[PDB]
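Two forms of a single protein chain come next, each set out by itself as structure tokens; they are called structure 1 and structure 2.
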Structure 1
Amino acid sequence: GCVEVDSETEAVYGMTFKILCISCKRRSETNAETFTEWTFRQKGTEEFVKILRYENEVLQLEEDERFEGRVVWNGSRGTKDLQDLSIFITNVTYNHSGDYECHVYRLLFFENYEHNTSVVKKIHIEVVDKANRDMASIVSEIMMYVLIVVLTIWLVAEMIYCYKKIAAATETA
């Protein structure tokens, strides 16, 4: 239904990147009206500045040079009940490195009861020249190869031992 998956923390210069922000409401059958706001604090800077605000199926982009013409919407479409607030970067530059905040303002409609809640998600993005391969993949691949090698040498040694023993037994008879 809805799974909250964290964003990738590494983007490569010159290509595209998607920043993931998923905010699933606690019960799926409830009806809500959601809008989101994104703030970004670049490396070497302290103040979070607003970069975009998505509401009513339209994206409002702030007048920022580092994001003008470079951000498109990648979240939930065709509804006011947004559970995916992701954005998409078309041309990653070194100015997109820093910390992002994904403010989710969800208004839930109940029987004679309106609840205005809010969620904040923080994403750290580092812009690099080349895609650094994950440690998990490298370690798992190396471990797989060494495990296969160990198993095959163990089996080979056991076969040679048994073959020598049975050949000696045959020669005895």
Structure 2
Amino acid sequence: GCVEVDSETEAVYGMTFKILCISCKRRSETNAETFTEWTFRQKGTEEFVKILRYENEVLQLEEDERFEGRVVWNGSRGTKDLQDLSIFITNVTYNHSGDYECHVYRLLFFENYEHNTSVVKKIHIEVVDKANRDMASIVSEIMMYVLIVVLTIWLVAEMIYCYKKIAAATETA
């Protein structure tokens, strides 16, 4: 169904990057119609400038300043229900580092009344120029080779313990 996954925080300069904003409704059976609103703070003081407004169908209204042509919608397409509002940056620069917020503005449709809600998800990304891989993809790759090598030495110690045991018991007979 719908799983809320957090976004990645390390971006690579010159490459592309995708910022996940997954907002799942509590009962997946209920109708809704949503839109959204992305705000972005630099490493500057305290501003949060609106950068886009994905309202509905394939129209996406954006472009105040600083980047036109390098932001693409990669969320839900042709639904109006939404539930996935992931932006996608082509050709990351060093001025895309900072703090992002997606504002989901749902409007639930019930059998007699309309109920307007709002969610905010906060995303903090970093532009580097050399992708550090992980920290659990270093420690677990070490611990695989450590466990494999220690388990063979647990055999070959025991294999040569018993091989010296049997030939010495042949000496006694």
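Here, residue number means position along structure 1's sequence, counting from 1. Residues that one form lacks are left out of the comparison. Rigid core: the largest C-alpha set superposing within 1.5 Å between the two forms.
**Student:** Any idea which of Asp134, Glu65, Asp129, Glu126 has its C-alpha shifted 2 Å or more between the two structures with the rigid core fixed?
**Tutor:** It is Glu65; the other listed residues stay below 2 Å.
**Student:** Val49: how large is its C-alpha shift between the two structures, with the rigid core as the superposition reference, in Å?
**Tutor:** Spelling it out: core superposed, C-alpha of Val49 shifted, distance 0.8 Å.
**Student:** What's the distance in angstrom the Cα of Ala167 travels between the two structures, core superposed?
**Tutor:** Between its two positions, the C-alpha of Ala167 lies 1.1 Å apart after core fitting.
**Student:** Spell out which consecutive segments of 3+ residues have Cα shifts of at least 2 angstroms at every position between the two structures, with the rigid core used for superposition.
**Tutor:** The segment that shifts (3 or more residues, C-alpha shift of 2 Å or more) is 58-67 alone.
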